[PDB]
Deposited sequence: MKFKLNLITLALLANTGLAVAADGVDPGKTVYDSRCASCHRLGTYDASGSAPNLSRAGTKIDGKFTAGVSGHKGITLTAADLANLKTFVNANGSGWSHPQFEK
């Protein structure tokens, strides 16, 4: 789940959000430890937040990515 979750985060939330030290640029909240807020903010297949629609697989993969990476290329 971790790699497709990165694609979800990268293309769909990073433009605004931050995530630990992996992504420290953006004005919206840092999504570190936001799994429960993500699942409350999004319903699988229902268009919502910022025009985004997420599949069930998207939501699971993204949370696995947030848990595993939420960081420096040399660490």
| field | Sequence order list of spans that the model leaves without C-alpha positions, deposited numbering | value | 1-23, 94-96, 102-103
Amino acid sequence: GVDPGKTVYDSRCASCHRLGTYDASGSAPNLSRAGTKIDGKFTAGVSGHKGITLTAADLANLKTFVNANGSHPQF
From here on, numbers count along this sequence of modelled residues.
| request: Select between 17-25 and 54-62 the stretch whose C-alpha atoms have the higher average B-factor in the entry. | output: 17-25
| task | Would you tell me which stretch averages the higher CA B-factor in the PDB entry, 30-38 or 44-52? | result | 30-38
| note | Entry-reported C-alpha B-factor of residue 8 relative to its chain, by third, is lowest
